[PDB]
Every structure is written in C-alpha cells, then in structure tokens.
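These notes concern the structure reproduced below.
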Amino acid sequence: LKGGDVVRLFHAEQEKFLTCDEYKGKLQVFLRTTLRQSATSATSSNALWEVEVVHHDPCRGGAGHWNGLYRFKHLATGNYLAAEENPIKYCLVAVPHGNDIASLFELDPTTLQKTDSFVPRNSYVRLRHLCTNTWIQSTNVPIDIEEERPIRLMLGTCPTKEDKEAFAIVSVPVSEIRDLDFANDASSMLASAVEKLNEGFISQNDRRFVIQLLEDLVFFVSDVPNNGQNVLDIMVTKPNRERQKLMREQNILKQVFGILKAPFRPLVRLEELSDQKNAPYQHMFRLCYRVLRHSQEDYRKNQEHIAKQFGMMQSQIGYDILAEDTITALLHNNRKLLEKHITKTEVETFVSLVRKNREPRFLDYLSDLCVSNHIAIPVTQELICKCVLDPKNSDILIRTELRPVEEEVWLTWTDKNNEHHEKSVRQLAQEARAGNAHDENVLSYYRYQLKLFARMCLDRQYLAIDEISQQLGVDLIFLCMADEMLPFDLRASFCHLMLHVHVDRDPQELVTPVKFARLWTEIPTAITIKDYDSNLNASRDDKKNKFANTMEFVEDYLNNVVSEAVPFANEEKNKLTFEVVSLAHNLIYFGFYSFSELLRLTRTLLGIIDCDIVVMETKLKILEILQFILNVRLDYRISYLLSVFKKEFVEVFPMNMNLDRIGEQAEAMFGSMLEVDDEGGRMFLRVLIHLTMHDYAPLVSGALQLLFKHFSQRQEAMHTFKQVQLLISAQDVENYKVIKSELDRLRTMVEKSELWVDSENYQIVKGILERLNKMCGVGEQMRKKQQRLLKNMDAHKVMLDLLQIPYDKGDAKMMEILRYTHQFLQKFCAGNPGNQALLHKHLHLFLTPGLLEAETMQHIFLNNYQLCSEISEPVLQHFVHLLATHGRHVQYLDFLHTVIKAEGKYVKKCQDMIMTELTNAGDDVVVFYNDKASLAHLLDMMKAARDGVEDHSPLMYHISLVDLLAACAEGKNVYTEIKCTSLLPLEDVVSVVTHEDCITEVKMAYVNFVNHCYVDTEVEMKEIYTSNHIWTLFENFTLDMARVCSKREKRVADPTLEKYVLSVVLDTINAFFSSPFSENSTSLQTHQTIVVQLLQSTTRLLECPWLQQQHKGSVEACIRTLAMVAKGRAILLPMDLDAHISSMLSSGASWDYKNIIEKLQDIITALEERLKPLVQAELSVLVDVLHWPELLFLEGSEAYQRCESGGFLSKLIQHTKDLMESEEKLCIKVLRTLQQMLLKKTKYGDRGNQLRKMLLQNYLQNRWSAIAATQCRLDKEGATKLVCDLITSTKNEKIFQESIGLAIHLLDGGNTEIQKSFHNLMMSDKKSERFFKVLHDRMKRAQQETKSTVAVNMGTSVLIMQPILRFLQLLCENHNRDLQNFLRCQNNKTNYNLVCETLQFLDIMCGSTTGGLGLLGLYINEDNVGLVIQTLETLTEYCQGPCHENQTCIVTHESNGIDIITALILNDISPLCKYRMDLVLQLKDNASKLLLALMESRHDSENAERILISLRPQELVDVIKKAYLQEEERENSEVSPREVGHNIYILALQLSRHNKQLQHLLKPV
Ligand SMILES: O=P(O)(O)O[C@@H]1[C@H](O)[C@H](O)[C@@H](OP(=O)(O)O)[C@H](OP(=O)(O)O)[C@H]1O
C-alpha cells in the first residue's frame, strides 16, 4: 500500500461497494447497491478510490503505514473523501483538496500486523476520522431516498469502534485508471467542441480537428487499430463492455448527443447539410452516430440511455445521417425498448421517406425493423402491415402479373416521375445480365420488396398474408423458381416468399413424429413400411396436390446438388441451397413427405454434407431434418412392437405367450431397410464426426447429440414403449375422440386469434373450455388416467398458446375464457409431477402481474419439493416486487406460504430468503397496528367485520401476512428466528389478544405465531421465559376453553372458536410445557392458580363429549406433559380434580381390459430384461468409435490426417469446455463417455459379444499398460486442463462429480505422467488458488455437515468427499514428493492445507474427543466405515515416501487425530464387529499401516513417544494376542486376522525400540 495508488474498498456487512457520484448535481459518497448476482462484480471508475500517504515532505509519498494518515480520493472527480458534520454526528462528503484536515483519515488493521510495517495490499482496514476523532460507519438509510429503488447508502460516524465497520482493499488494474484519464481527456475534447457550438463559431480547421477527434474516438471504441478504412465504416466484431460502461458513466454519449443536438438547436440545418457548406457538419453527425452505434452494441444499459434520446433520433431521421442504420441496430438489439419507441407516425415517416427516395436501402431498414432475433414482433408487424397494405402506398410496391404471351410473368413499376412501365421478368433478367444500370436497380428494388413481403408474412400474420396471397399465386412462384434463366438470388427470394406465404399457413400444422397413445383396435394385425404411412396417407394424398410440383422441385434440386462434385463451392448457388433446404425442412416438419420418401431423402441430405454462415446454417438444417426422420423411425418401431403384442394376444386368446418368439422379432426391429443411409450406418457416423470437427458451435452441438443418440437406439425405443399407452375402454376411447376434435377446433380458433379478436366464437370457445373442465374428471384414479391421456394429447401446448393470445383488460368475455383456461391448467397439474414439470418449462409465460396467473403458479408449484429446492431467487424477487408495488391481496403471500413447506418438509434457505426480502422491503410491506392509533383503526375494522370477515378484507390480508411470518417462524430456524424476534414483540400480541373483542381467526393466527416464534425457538430467549404474559395468555386460553365448553353445553357453538381452542391453543400449550427451556422458568409458583386452572380447563375439555377422539388423544398427551409439570410447580391439585386426573393417568397407561393391460406390462418387463445387455454393447461401441475415428474416414484423406493427429478427441474436449454452460446434459454425457473410454474393457456375454462384433464390423473397417497408454493419449489431448477448469469454475454438482471421476480415472494406476501434468498445471496457472479453494471449501462443508449429523445423533456434502479423498490419494500415489509437499503448501498467496483438512475430517467423523474416550463404536457404522477407510488410506499415502513435513503435521496437529488413529486399532468397535467383522479388520489394518508410515524413517523419538502416549503397551500386546486367537473364528474373507496381527506386531516392535516395558512384554515365554 502506497500513496498515489487506487484501490476499491468493499464493505462486508453492507455487501456494497463505496462509490462517489453526482446524484443531484452535487457529488455524494455512498455505498451503492447492485442488482448483479455478484456484489463485487459491479464496480465503477468513479467508485475507484486513490490512497494517499501523509509524509513529512508534501512531494514525498513513501509507502503507506497503518499508523500513517491516509486520504482517499474519488478517481474521476479528484475530490478527496472527507467526513463533515451531519445535520450520526458526521456524514462523509467529498472535498476538493487534501489541505483541509477533513480529508485526513486513520486506518486500523482488522487483523494483527507486524509492528508499524507497510500495509499489505488487499487487506481489511478500519476507517476512522482523525480530524474529529471518530470512526466511520455505514448506515442502511440511502443517500438517494428520493429516487426509486435507492442504490446509494449513506455513511455516518460514531465515537465507538466496531470490528464489523471495516473495508476490504481490492486491486485495480492500471488500465482502468488509464482509461478513466483518457475518458476525461475525451470529455475535454468533447467540451471544446461543445464550447465552439455554444459560441456558434467553429473554424473549418477546427471542425476538421473535431472530425479527427471523432476518428480517434472511433478507433478507441472499436479497440482496433485503423485498417486504412473509413472510420464511419469501422468494424468491430465484439465491443468492449467495460469501455462502453466507462463511456456511459463518463457521459461521453451524453456529450455526443448534445453535440448532435446543438447545431440544429441555427449553426447547422438538416436541409443545409445537402449544401457543401454543411457537408462537413453532416459528416460530423455521421461520425457521432457511428460512434453511438458501436457504443450501444449488445448493451441494454447503453440502449436504455439512448432511449431517453430516442426522440432526437426520430427528429434527425429522414436525412443522410445514418440514423436509420443506428436506430435499426438499437431497436433490433432490444424489443421491449422497440415497443416503447414504436409509433404509427414513425412507420408513416419511413413510408414517406422510402417513397421519396425510391431506394431499396430504406425498405431494408423496415425489413430489419420488423424482425428481431429471427422472431417477429406482433405489434410492430401489425402496424407495418397496415402501413404497407394501405392503398395510398400502392405506388411504391411493384405489381406483378402472369400472361400467356406456356406462360410468362410481367412486372409493372412506377418512377418518381409517376410514369408507369411494364416489362417481362425474363427481359429484366437478361437486361441485368447485359449490365443495364436501371434494370439492375429495379430488379434489386423488386428483390428487396419481395423480402419485405415475406418479412410482413413472417410468423404467420394472416392480416397481410391474405392480401399478399391475393397478389401472388403458387403457380406464379413455382414458375419463377423453376425457371433457370432468372438469377440465383431472385430464385432464392422466390423460395423464401413461397415458404413464408403459402407453405406455412392455417391448413398446414406441425406434426409430432412419435405418438405415445395408440388405439387397440387401430393396432394393425401386420405392419410394413407402406402400411405405417397408409394410416394418414389419404390426408397426405389430399394435401400433397397443392404443392406437389414444389415437392419435385425440391427433390430434383437436391439431386443436382448431390450430383455436383463440389457441394457448396459457389456462393450464388449456396444462397438458393439454403432456401431450398429450409423449404424441405418446413415441408417435412409439416408432414407432407411420406416415411418412405423421408428415408429416400435421408441419403441425399446426408450425401450433401458428406466429405461462412450460409453453409453452416444449411448443414444445421439438414441435421434437424435427420433428427425428425429418426424420430419417425422410432414411432415405426413402436408400432411394429405393438402389432406384435396384439398378434400374440389374438393368437393365444381368440376371445401361454411365446415371449421367446416376440423377443426374437423385437431384436430384429431394434437392430436394414429402416437405416437412414445405404452405407450400413457408416456415412451417418462420418458426417457426424466431420461436423463435430467443424468450428460452428451449434453445428458441433447438434452433431454430438446425434452421435450420442446413434448408439442408443435400443434404450430409447424401450423407454418409449414403456411410456406407450393403449386405448381399449370404449368410454375412454370416446373421450379421446372428443378431446381430439375439441382440441383441433380450439387450436384453429387460437390460430385465427386475429379473426375472433376485436361474437358466437367467444361463446363456442367458452363452451369448449367448460367441456374440457368437465372432461378433467372426478376421483383421483380417474384424474390420473385423464392426465395421462392429456399428456399424450399435448393439449397443454394449445392451452399455453391460448393464454399467450393477446388481449386488453376491457374484454370481460376473454378474461372469463382465461379463467377457464387457468382452471383447466390447474386440473392438468393436479397431483401430477410430470405435468408440473411441463408447466415449469414454460413458467416464464406464467410470470405476470396477474392474480389469476399467480394462483395458477401456486398450483403449479404445489407439492413439489424438488421444484422448491431448485426455486429461483429471481422469481422470489419478482413476487416481492409485486407485493411492494401493490400488495393488494393475499395471493402473492399464499404463493410464498406454499413454497415454504412441501411434502411436510421445510427449506431453511427459502425461509431465510423470504425474511430477508421482507426486511429489505421494510415496514411498509409488513403492515402492523402496534401503535395505539393504528390499533384503534384495526379495532374499528375488526368491529365492522365482527359478524364476519371478507375473503379479501384488508384485515384478512394482514392476518395472512402474519400467517406467512409464522410460516417462516416454523422449523426452529435460529437465524431467521432472530429477525422474527426483532420483528414483533410479545407485548403487541398480548394487547391484541387481551382486547375485549378479538377475532377468533386473529387469535388462532397469533397463537400459532407464538407457537413457532417463541416456543419453537432453537435458542432460548430470556424474555419469553421471564415474561408472565404467557400466564396472562393462559388465563385467556382458559376463558376461551370455558367459552367453547359452555357453548357445546348450551348446544350452540362456533366452529371457528372450537377449532381455535382445539388445534392452535392445544399445540402452543403442549409445546410450551414440552420445551426444556420453559422448565427453567419458576413463575409457575406465582401463577400457581393459573396453571392449575389451565389443567382444570384441559380436563374439562377432555371430559366434555363434544371433543373428538383425535383431539382427545392429543389432549391426553398434552395433559401428560401438564402432569409432569404439575408434580413439582408449587401447585396442589384439589382432591376431586385429582381423582379425575387419576382416571386420566389410567387412560394414559391405557376381451379383458385388465388382462390386456397386464399382459402388455409383462411383455414390456420381459423385453427389457431380454435386451438389457444389448444396450450396454451398443453404448460400448461408441468408446471404440471415439478411440479410432480415422477408420471411418478413407485412408490417406485430409480428414484422415486430421483424425490421425488426434483432432477429433481434442476438439471434443475443447467443445466440452466451451459447452459446459450451454448444454449441461451434453457436457455430462461427454465427460462420462471419456471416463468410459478410460475404463478397462469387459466381456458382455455370448449374445452381447456377437452384437458388439457385428456393430464394430459394420461401423469400422477392421484396421494395465493399455490403460496407461490411453490415459497418456487423453492427457496429451488435454483432459487434465479440462478437468482443472471444470472443477475450478463449474457450479453444477453433476459436472463437478463427473470431473472428479475423470481425474480419478486418469490418475488411476499412479501414472507419473498424469501426476506431473497436474503439478505443472497447478504451478503454472494463476487459478491454482481457485482450484485448491474449491476443494478445501468442499471438504470444510463436509466437515460441518458431519458435525451437524453427529450432534443430531448421509448428506451429499459428505458423499462427495469420497471421490475427493480418492483423487488426493491418487495424486500422491507412488510417493510423489513434489505433489505431497504441494498439497501441504502450494506456494501461493493463500495456502490451503488439504492434509490438515483430511485429518480434521477423520477426527470429526470419528467423534473427536468422545472417540478418543472410546465411544468409537457408536460413531462408526456400516455406512461411514468406507469413508473412514478411504480417509485413513489417503493419510497413509500422504505420509509414506516418507514426507517428514507431512508426518510432523499429522502427529502434531492440534486436533490430536493421532489419538483417534490409535483408538481405531485399540477399540473393539463392537457394534460393527458383531455383524461385519471384515470391515473392522480392514479398519484396524489401515490404521496400523498409517501409524507405521508416521514413524517410517524417523530416527528421533518424538513421533514414537507421541503415538505411545495414546497407545498403551499392555493393551497393544493384548490386541496382538487376541488377533491370533480370532484367526480360528475367521470366516471366508480377503482379510486375515493373522495378517492384521502381524502388522500390529511389526508396529509394536518399532515402538518397542523406544519403550522398555513394551520390549519386555513383547518378549515371549
Ligand atoms: O444481466 P443484465 O440483464 O444485463 O442486467 C444486469 C444487472 O441485472 C443490472 O441491470 C445492472 O447492474 P447494477 O444493478 O449494479 O447497475 C447491470 O448493468 P451494469 O453493468 O451497469 O452494472 C446489467 O447488465
């Protein structure tokens, strides 16, 4: 730490970064809040603080000292942070100079420091104000209370010193300060330009200098040096987000906006920009706009800043300023901002300017505006549709017609002169070929207009598709496409237009390839490839006729592509290839192609891609087509197996099964005709591997997915058939038919949303919704069957689109329909985990500011503990934000109430998040009436609702809030208990309860509140146990009990009061008297009458007949507790009451539907058992395929060289790292596949070996030492770095487990090369600290969980420790001194001692001091014995070699784990010995080995003495003698008591060298 250096000071308590900013035109120093997930992630150059050290000479700075005076300086402003009097005695405020003693501050180290040495960097400091002799502190109150969502936190001063009030130093890159200084310079130049603008005078040379400044700013913003190209044309692939943020905070964008605005404010005029005088001004505006476009690229915050300036963009539009392109970029970047910005007048302005210019670029701007992220925006598309289809704008659009002249096409276009021309399309194309500029321009304009029409019709917007279809016909488009005379680009534009207008329309609908449900009657007696398609062939034949010619066009075009030697050589041909492939994909997905045609098309599509953005996109689309065709093959196989089952059922029972025959048949289908390619499956593999080698990330991901699926055909088909459902019941079949018809009708209506949204359609769909609500069914079993049928139907998707349909608040009929739809979704999710997961998939739609949607979300999350565990803090933030904004009703609170508890289980993190969010929201959300006036208002409302309370009354809302707080209180959660106790005092509850008139529901809520907030407290609060308000509440409880009993005696009673006394009151009293903490209180002697009267009231409650049997039993338990209390609490029972209490003590002392279904289940089971090994063989084939990729490719090829160099495996590893975040399942599968590659080969039986042989022969031509060689190959390809990076940065438990498993498999066998690679990576890389931190933190958490479990008396945290310890042992295997010493001290800034952590883990698992005492048998059980053995083995591996430092550490550690290690040998471990003696023997042997390793080569006697102190000699000798006798009792096992005793004897001798008594005892007879 030195003066003149800058660091960031972070406050741990506030979890905020100190920043200084000009909030209200005046600089304020504060603790800013950040919405970013990581608090440290959010940082600011303004937040940067420069440290200055006071020294004798003002110029001299020297280096900082803890005692030396420190001054902090806001970097951007340069003003020193200072403490000044606050109107919290003093409040921090910046000062211009350090001359004033206000800036001076004193720093106190949080941790001990060496004398007054120089302050270490990145060290915690305690701030204080030496000037005023006070200590600085942070306050929760914000410095910007006025603004919404205040981020700035005020900082005050206190005389006392607080350890919590300390700030941590954080290093700052010099580049950040250099960028801030250069940004201040850039602001200075911008201010010089602004000064010239304000003066209204700028020389020509000065304006040229401004242009040069803009050019330099362009270079800096791009972060790219000049390439000789125009700064306006400057290109940057990815902007620098840090630089963009710096610009935004510096207001350089604001300066540029002001510079653009001022000339037109005149100095310059937009019309005059055409004049040569203001042409340089126009160029300067252009530079500004280009810089803005580069600045705001892919940054929501920069786009937000520009949004406030969007108006000046609108005004500037219509002139040559490139504002069109900049606006299009920003608007495409953000859609929501586009929704705010869009307005019909801007669409009209675009129309007017594009008409005036008559240029294709303006149309291109609109085309870009229409679509974003390849997804159309409905509102903007509708506005543009109206504007374009307006008859007024007919002139701009080019009209087209077809005339015989066997037919030809002519186009008519209008000039700016308003002259109309008409000409043949072929003649235009030929003139463009000749080179006529006018004809080429009109053809390009027409192409752009065609693309504009397709863009309008994007995402099936019928409103304009109708008119566009009226104008353009299918035959015309087909003729234009087929014609070869026209240019390739125009042919491709026709392809796009056809696809977007006609092929995608209402009559066509997407087809799901595999149908889970089937009809038992429909099941064919026999099935072939033709018969499978025959089921829907008729509809296929009818639909084909419309596009039949286009199908042939597609087929012949793809045939031409495959015929061509070079598939994607020509760019112009590639342009049309993309469109044709996309059209084929769309047709296939809509289902026009038959299955045989799809199988034929697979060969061509794969051959095209068999050994630039457009080519990659085409290959991706081909992959998608292959995916769909494989999905269809799956359903064909399912149908074949179903037909087999039906045929066997018919044969056996005309109305014993030949399962062997059926299995023989099914193995054939699972194993020909159905193959995608005619090469035998080789070509698919080669294409997939080549595409994996390809660079494009989506293409590689898809290729990897298909490659993995290619070798798992059998398992997927078995799973699908297990999911298959058959309809055999007539009633359910009729329901299925009705549901199909109703769903198709509803889906058609939702599709024609535009038609039936503004009639009888509304009533029709209300009726359909009610029909589906009836269809849901009654009864749990019936509901489950109907939910299975619904899942098979996929109606849930149609319902989600119905909800997605746009609407306005005024449409009450539509809101009714939405309510019905929500009820139907509720019925779908009712007690169905699968349906609940499906809803979770699309929950993003459900997240809306609507109470009905919130209730539906509550039902979605109902009773799903896994979903609660994976719940999202952002979702919780959304809910609490809605409550803060409105907090109208109890539904938002009820959602959290449901989240709190699931399956009768609690989640501490969820409860803590709820309470923390409540605290952040503050008193406003948590309404109380504690004050007397608020209590009076509550009393008035309670009196008004005394007869009854509304379901949504504000009193009911407050009650529900209190109930949610009680829900948080449940679970004896000490941490949130603290917040609850601070939240509410017992006195307010006492006042409300003791009020003359209190609502019974309010009383139950408060009794429950006390039941958990105070009785269920994990830690004892002295206040409750010293309060006699409990006895006041108990006399009130007796009054209520008397009221209930007298009511039932009078024959008139209130069920609410009865339940109040029965459940909440009884549970609260029972818990209070059960609490051991309450037993400490001795106020029962003062309130002796009260407690005896409470017992009398409970006895009367039990005696009265109205009490229920369950309530009677609960009351009896409570009365037993009250009796144990009554024995010794200065209370004497009356003798008669004691007679009934003695009676109480005595009481306490006292065609066949089911046949077909079961047969199908049995055949499923039998087939699964039959085919189990074949699945394993098929999976194993992939390991060989990955091992030898070259065999697939032809010998001597370029791809052969690439695979021979190991390209495929290295690319797979690198893409695994790249994709760990994008595709978790794919990453995990790849890691497991690498582990399988590493693992040793194994036989698979006769049938499995036959299958493996056949598969390998078809796919590949034929062309421990092996394990070590494979490990070396993987290490060279880079598995070690992949493992290290995954363990370092992954947040996925599965990914971490798989990474550790891969590390263990790599290092297995103690490979010195892998160990050295790990050491080299650890030493060289800068993240070694991060890796060791991850491992050490995991081990520490495992230790903590083990301690918690021991206190209770097996945890994923403890389970994960086993592979970690195995990994450490394997790293230290073969006595690698470098690794053994590295683990102890990795030589970094922070050193983590994994050896001590392992020893402490052993100690805590064994029980520590209690285990030393000798209760080790109680702690050790069959479950943890393996982990104990592994820990001992790891410690032995650490010690052996020997490593003197490790041995000393283990022997001399403060935990005294050597005592536990010796107690392992000495103790009997009786509970485990009785049942499993082998584990006890193994434990003893490993402990003896560790003890011997500890003293392996130590000549000195310290270690031996320390061991012997714990291990007495006589007991040792007794153990040695006992083992030999135990030999005879030995049962067949690997371990031998004789061998164990021999090892203990060797240890005993080595210890005896030092111990004369042990020597004498060891001497035999
Ligand atoms: O991940 P997203 O959607 O971009 O949102 C980010 C984050 O959620 C905050 O909006 C903001 O942090 P603060 O709340 O600290 O401002 C940050 O901008 P920043 O980079 O200016 O912090 C954003 O980038």
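Please note that chains go A, B, ... in the order of the structure tokens, that every chain numbers its residues from 1, and that ligands are numbered from 1 in the order shown.
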Quiz prompt | Test item: residues lying within 6 Å of ligand 1 with only C-alpha atoms and all ligand atoms, as a list in words | solution =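 Within the 6 Å cut-off, the matching residues are residues 34, 35, 36 and 42 of chain A.
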Give me a file of those residues, with C-alpha atoms, as a compact mmCIF listing (two decimals), in the first residue's frame.
# COMPACT_ATOMS: atom_id res chain seq x y z
CA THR A 34 -26.09 -3.65 -7.20
CA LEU A 35 -28.72 -5.85 -8.83
CA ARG A 36 -25.96 -8.04 -10.28
CA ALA A 42 -20.44 -4.30 -10.02
Quiz prompt | Near-residue 637 (chain A) list (10 Å; only C-alpha atoms; drop same-chain fewer than 3 positions) as a list in words | solution =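 The contact residues come out as residues 632, 633, 634, 640, 641, 642, 643, 666, 669, 670, 674, 717, 718, 720 and 721 of chain A.
Nearest-residue note for residue 1400 (chain A): choosing from A:952, A:1316, A:1340, A:1377, the minimum distance belongs to A:1340, counting only C-alpha atoms.
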Exercise. As a PyMOL selection string, list the residues of region 323-465 of chain A assigned to strand (DSSP E or B) by DSSP on the backbone atoms of this structure.
Key: chain A and resi 371-372+375-376+399-403+408-414+420-424
Exercise. Write out as a list in words the residues lying within 6 Å of residue 19 (chain A), counting only C-alpha atoms and excluding same-chain residues fewer than 6 positions away.
Key: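 The contact residues come out as residues 29, 30 and 47 of chain A.
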Exercise. Write out as a ChimeraX atom specification the residues lying within 9 Å of residue 156 (chain A), counting only C-alpha atoms and excluding same-chain residues fewer than 2 positions away.
Key: /A:83,86,88-92,135-139,154,158
Can I get the selected residues back with N, CA and C atoms, as a CSV table (one decimal), in the first residue's frame?
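So the final result, stored in selection_4.csv, reads:
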chain,number,residue,atom,x,y,z
A,83,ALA,N,-15.0,13.5,6.0
A,83,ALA,CA,-16.1,13.5,7.0
A,83,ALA,C,-16.4,14.9,7.5
A,86,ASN,N,-22.9,16.4,10.2
A,86,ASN,CA,-24.2,16.0,9.6
A,86,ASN,C,-25.3,16.6,10.3
A,88,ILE,N,-26.0,10.1,14.2
A,88,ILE,CA,-24.9,10.2,13.2
A,88,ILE,C,-24.3,11.6,13.2
A,89,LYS,N,-23.3,11.8,14.0
A,89,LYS,CA,-22.7,13.1,14.3
A,89,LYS,C,-22.1,13.7,13.0
A,90,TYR,N,-21.5,12.9,12.1
A,90,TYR,CA,-20.8,13.4,10.9
A,90,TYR,C,-21.2,12.5,9.8
A,91,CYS,N,-21.3,13.1,8.6
A,91,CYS,CA,-21.6,12.4,7.3
A,91,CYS,C,-20.5,12.6,6.3
A,92,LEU,N,-20.1,11.6,5.6
A,92,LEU,CA,-19.0,11.7,4.6
A,92,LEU,C,-19.4,12.6,3.5
A,135,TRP,N,-14.9,7.1,14.4
A,135,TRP,CA,-14.8,6.0,13.5
A,135,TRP,C,-15.9,6.0,12.5
A,136,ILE,N,-15.5,5.8,11.2
A,136,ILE,CA,-16.5,5.9,10.1
A,136,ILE,C,-17.4,4.6,10.2
A,137,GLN,N,-18.6,4.7,9.6
A,137,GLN,CA,-19.5,3.6,9.6
A,137,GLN,C,-20.5,3.8,8.4
A,138,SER,N,-21.2,2.7,8.1
A,138,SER,CA,-22.2,2.7,7.0
A,138,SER,C,-23.6,2.5,7.6
A,139,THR,N,-24.5,3.3,7.0
A,139,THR,CA,-25.9,3.2,7.5
A,139,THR,C,-26.8,2.7,6.4
A,154,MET,N,-26.0,5.8,2.7
A,154,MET,CA,-25.3,6.9,3.4
A,154,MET,C,-24.3,6.3,4.4
A,158,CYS,N,-19.4,7.4,14.2
A,158,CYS,CA,-19.7,7.1,15.6
A,158,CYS,C,-18.5,7.1,16.4
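For the choices A:1093, A:1288, A:1216, A:1299, the atom-to-atom distance to residue 1337 (chain A) is smallest for A:1288 when using only C-alpha atoms.
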Quiz prompt | residue 1011 (chain A) surroundings by only C-alpha atoms, 9 Å radius, close-in-sequence under 3 positions cut, as a PyMOL selection string | solution = chain A and resi 966+969-970+1006-1008+1014-1016+1064-1065+1067-1069+1071-1072
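For the choices A:1287, A:1295, A:284, A:384, the atom-to-atom distance to residue 1330 (chain A) is smallest for A:1287 when using only C-alpha atoms.
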Quiz item: Which neighbours of region 341-356 of chain A fall inside 8 Å, counting only C-alpha atoms, when residues of the same chain fewer than 2 positions from it are skipped, and could you give them as number ranges by chain?
Solution: A: 307, 310, 314, 318, 337-339, 358-359, 362-363, 366, 380, 383-384, 387-388, 393, 396, 416
Quiz item: Closest to residue 170 (chain A) among A:443, A:6, A:104, A:300, using only C-alpha atoms?
Solution: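 Using only C-alpha atoms, the shortest distance to residue 170 (chain A) belongs to A:6.
With only C-alpha atoms as the atoms that count, the residue of A:794, A:116, A:320, A:1023 with the shortest distance to residue 511 (chain A) is A:794.
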Quiz prompt | One-decimal distance in Å that lies between CA of residue 1025 (chain A) and CA of residue 1081 (chain A) | solution =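 Straight-line distance from CA of residue 1081 (chain A) to CA of residue 1025 (chain A) works out to 5.6 Å.
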Practice problem: Using DSSP on the backbone coordinates, identify the residues of region 951-1078 of chain A assigned to alpha helix (DSSP H); present them as a VMD selection string. | Solution: chain A and resid 954 to 969 974 to 983 986 to 994 1000 to 1010 1022 to 1026 1029 to 1050 1055 to 1059 1066 to 1074 1076 to 1078
